[PDB]
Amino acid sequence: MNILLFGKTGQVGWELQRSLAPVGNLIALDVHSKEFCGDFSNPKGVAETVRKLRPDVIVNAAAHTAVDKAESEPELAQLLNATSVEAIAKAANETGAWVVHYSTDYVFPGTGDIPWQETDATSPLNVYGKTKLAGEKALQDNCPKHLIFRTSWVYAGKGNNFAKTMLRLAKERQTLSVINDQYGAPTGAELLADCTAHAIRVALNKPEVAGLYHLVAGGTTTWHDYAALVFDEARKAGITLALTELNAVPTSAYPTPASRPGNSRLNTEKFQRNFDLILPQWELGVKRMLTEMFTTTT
């Protein structure tokens, strides 16, 4: 059976190249796909390739995910995160194909404490989340044989993330400043991709699991304590990390163009029972990518 993949060079995407490889026959494409259209800024183009290949399963790891830039260029985010997905969905539903699609917790507003659920109310603080929410609604309404994975604080060892950018700073710098109020759960590309593969195989054999799932690594943490642990691991790996004065903060002290949510604690209890899958503590995943990075010899 035929799997079709977009956004193959991204974090998740690069990992789905590995994870989907045995699940079924894999065509993997990106923006720069030359013999085949993987360009999300052309909804009809990506719609044409879905129609053109007739995939059994479609994994969409392509997107517009430049959150702050999206506020400045929103109509483009709409094209990528709503319009192309909408088109992709409507195409998929003609061939009866499963559409797998990634979404975000930025769908939710802040308002902290209790962790967010799949049947909870949606009020996007920012554009990224408003646009992406449209995409998941658009998919929801054009193709019910869909799988939507709302995730958060996504990192991978190959591709830009918080731990990547945070570490670069820490090696260069003596004294550093970052957020301690934003509660949430860092989630690996590896986990996303591995669970995706297992989820697909369940869905094929049980269409009932079609729907919306909150899929994020276990537990919760702050961007601060996220970064602290990142440093301990750098430290642990003997690296002379320039940092001698680590400084915590509450959000609003430092500006960002888009409004970030304060309560990014997603509840995944649905995914676990539905797919019979485990979702381990966020740290483990993080230490794993860091170990691989700190193995620095060619």
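Counting begins at 1, following the sequence as shown.
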| Entry-level comparison of average CA B-factors, 88-96 and 179-187, reporting the higher stretch | 179-187
| Mean C-alpha B-factor higher for 1-9, or for 287-295? | 287-295
| request: Have a look at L167, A138, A217, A210 and flag the one whose Cα has the highest B-factor in the entry. | output: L167
| field | Highest-ranked of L26, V59, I239, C37 once sorted by CA temperature factor in the record | value | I239
| request: Classify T244 as lowest, middle or highest third according to the C-alpha B-factor given in the PDB entry, relative to its own chain. | output: highest
| query | Should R260 be placed in the lowest, middle or highest third of its chain by the C-alpha B factor in the entry? | reply | highest
| task | Classify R150 as lowest, middle or highest third according to the C-alpha B-factor given in the PDB entry, relative to its own chain. | result | middle
| said: Can you tell me whether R51 has a C-alpha B-factor in the lowest, middle or highest third compared with the other modelled residues of the same chain? | reply: lowest
| Third of the chain's Cα B-factor distribution that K130 belongs to, per the entry | middle
